[PDB]
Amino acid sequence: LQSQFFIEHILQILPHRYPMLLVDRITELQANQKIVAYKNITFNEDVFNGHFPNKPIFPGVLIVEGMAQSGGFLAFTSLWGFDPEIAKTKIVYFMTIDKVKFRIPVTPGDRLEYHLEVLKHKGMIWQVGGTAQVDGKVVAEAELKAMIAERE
């Protein structure tokens, strides 16, 4: 299992697609422990047409979504390694989200870095927590519990 993955790999693991695949690259990955990934934020994203006009702010809820996707990748690969065939049969679902705090607004030009760590894991149930960072500063923090379920 490698520690760096690019968009082509992320595409083979996550079921998410435009306009909901919110992770561009993974820089650090340690099975059952943590992951560090990021998503570039550009004005050239449909979301900014409505959030907000003349005032582009990346939706906080999407920051959270990005962290979860990161956690989901971590969870899956921790269990099956880089296995596209199986990834294609599994799907990660949000069970809970807690202690979410937005400290700094994210805007075009920003590199939204996700820092998630495994707080608890047993089988398909994974609890992760971490922060979203921009230039080393915590722009947000959150905790979530995910479920690795069947796609059917």
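C-alpha atoms forming the largest set that superposes within 1.5 Å between two forms make up the rigid core. From 1 onward, residues are counted along the sequence shown.
Enquirer: Just give me the stretch that moves more in 8 other deposited structures of this protein: 34-42 or 85-93, judged by RMS C-alpha distance after a core fit.
Expert: Looking at 85-93 and 34-42 in 8 other deposited structures of this protein, the bigger mover is 85-93.
Enquirer: Following superposition on the rigid core, is the mean squared CA displacement, expressed as RMS, greater for 118-126 or for 24-32 in 8 other deposited structures of this protein?
Expert: Once the cores are fitted, 118-126 deviates more in 8 other deposited structures of this protein.
Enquirer: Given the B-factors recorded for C-alpha atoms, which segment has the greater mean, 52-60 or 37-45?
Expert: According to the PDB entry, the answer is 52-60.
Enquirer: Which has the higher mean CA temperature factor in the PDB entry, 131-139 or 17-25?
Expert: The deposited B-factors put 131-139 ahead on the C-alpha mean.
Enquirer: From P108, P105, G123, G66, pick the one with the largest CA B-factor in the entry?
Expert: In this record, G123 carries the highest C-alpha B-factor of the candidates.
Enquirer: By its CA B factor, does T96 count among the lowest, middle or highest third of the modelled residues in the chain?
Expert: Answer is middle: the recorded C-alpha B-factor places it there.
Enquirer: For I86, does the deposited CA B-factor place it in the lowest, middle or highest third of the chain?
Expert: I86: CA B-factor falls in the highest third of its chain.
Enquirer: Taking the values exactly as deposited, rank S70 by C-alpha B-factor within its chain and report the matching third: lowest, middle or highest.
Expert: According to the entry, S70 has a C-alpha B-factor in the chain's lowest third.
Enquirer: When the deposited Cα B-factors of this chain's modelled residues are ordered and cut into thirds, is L119 in the lowest, the middle or the highest one?
Expert: Its C-alpha B-factor, which the entry lists for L119, ranks in the highest third among residues of this chain.
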